[PDB]
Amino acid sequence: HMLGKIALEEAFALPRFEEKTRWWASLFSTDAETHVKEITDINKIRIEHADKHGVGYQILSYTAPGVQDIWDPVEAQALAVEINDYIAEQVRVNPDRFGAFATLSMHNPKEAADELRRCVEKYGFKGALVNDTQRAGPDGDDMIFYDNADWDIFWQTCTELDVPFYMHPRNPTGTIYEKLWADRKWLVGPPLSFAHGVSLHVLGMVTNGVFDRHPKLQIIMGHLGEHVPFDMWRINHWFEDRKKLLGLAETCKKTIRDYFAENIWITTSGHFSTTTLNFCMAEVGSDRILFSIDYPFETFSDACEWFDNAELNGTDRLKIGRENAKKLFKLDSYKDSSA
């Protein structure tokens, strides 16, 4: 029904990574051959789906774990550059249907900032999408988080370009995988592990002052906010009435509710629940919620049939379906953008 929807947690993979794509599909797809075709296609199948389901514009991003899985920094950087150059060429075929987020190696703040800048200035990319922490160390068992002073140069590039950063999940790896997940491996990914990573990282940015140093910064979480809205009351209470009397206020100057009003966005990717959406409208506000699909891990049909037919007031259907994202991403037109 609604046309001109915007989706922005929508993944692609390079054709040359077929073995890696099949491994990820073995965990998260029930049809590996269709998955390979869909995750690598840009301008045919994806357009056909979008045309059937009222999706005017998609901001595309690299599949997880993507560059965040690559612990050799030279290899990781070369891969990010390769991906960005590739997708820029592909989305030129349909500029009224596609934009792109930058894919980044996050081993080094300045390097990541320069590549984001190249993507925005040269190609008109819409922001960055990164799959949680950067794998690092000689065998990839370490993790680089971005919630510290090293990353100020990077966050300032985001605010200067005035583009958002999407904190996407990745799988647990190395010792964390072995200690917590291997004996309950069916919880890896959407059932639990993904949200544990993203919520940790974003709440780390909150409590380490990233949004105080960079109050213009916009961070996006998928999956209706990776559990955080469920605990908005509890986090707020344990911040304002507990931890902020014990030292948290030194590095965290606003409430969790303020950060969701001013800095944080959530999307509907992979979480096609009107009951949960309504609860998020209460705890986060419809102005801060964006439609998204999570293709090809989720189908256009599941996401769009859900959203198009959900019981919702017309004002919020318009905002969540497209108008919030239109404003955030400064889109002056695209296919069906005012339908």
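Numbers follow the displayed sequence, beginning with 1.
- Across the two stretches, 69-77 and 162-170, the PDB entry reports the greater mean Cα temperature factor for 69-77.
- The stretch with the higher mean CA B factor, choosing between 13-21 and 314-322, is 13-21.
- In this entry, the residue among 233, 181, 151, 239 with the greatest C-alpha B factor is 151.
- Across the options 176, 198, 102, 264, the residue with the most elevated CA B-factor in the record is 176.
- The entry lists a Cα temperature factor for residue 258 that places it in the lowest third of the chain's modelled residues.
- Per-chain ranking of the deposited C-alpha B factor places residue 252 in the middle third.
- The entry lists a Cα temperature factor for residue 52 that places it in the highest third of the chain's modelled residues.
- The entry lists a Cα temperature factor for residue 145 that places it in the middle third of the chain's modelled residues.
- When the modelled residues of the chain are ordered by C-alpha B-factor, residue 36 sits in the highest third.
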